[PDB]
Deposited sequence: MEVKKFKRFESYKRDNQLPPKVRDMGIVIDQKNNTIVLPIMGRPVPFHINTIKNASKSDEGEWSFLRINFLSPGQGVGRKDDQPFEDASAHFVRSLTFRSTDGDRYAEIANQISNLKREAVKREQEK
């Protein structure tokens, strides 16, 4: 049931300092750059990841597991909990985002074994 990405700041992957998306397969965790802060999200929290292209920009959408993504019922022991449902990033590195989407999908599948 209970999982946990990191316990301490020094366990974050060093490339976090570049304010980029980091996959830490080791800790079953992805680290997302939000407003100057490296934010961990455990793989057990993630539904799926998708890449898309519109013009010169590529898009990475990560969908999270949440009620509806209703009744009944949940194992979070927090009935009134708010959830992060999804977030979207954009970049010009189309091949990098294609790799990221695959690593996440590939991680997720072990997670659901």
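According to the record, the deposited residues with no C-alpha atom in the structure span 1 to 6, 76 to 78, 123 to 127.
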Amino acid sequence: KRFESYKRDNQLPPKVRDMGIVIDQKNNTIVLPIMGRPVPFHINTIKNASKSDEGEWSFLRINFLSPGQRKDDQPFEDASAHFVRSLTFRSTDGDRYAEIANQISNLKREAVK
From here on, numbers count along this sequence of modelled residues.
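Set 53 to 61 against 78 to 86 and average the Cα temperature factors; 53 to 61 ends up higher. For the two regions 44 to 52 and 30 to 38, the entry's Cα B-factors average higher over 44 to 52.
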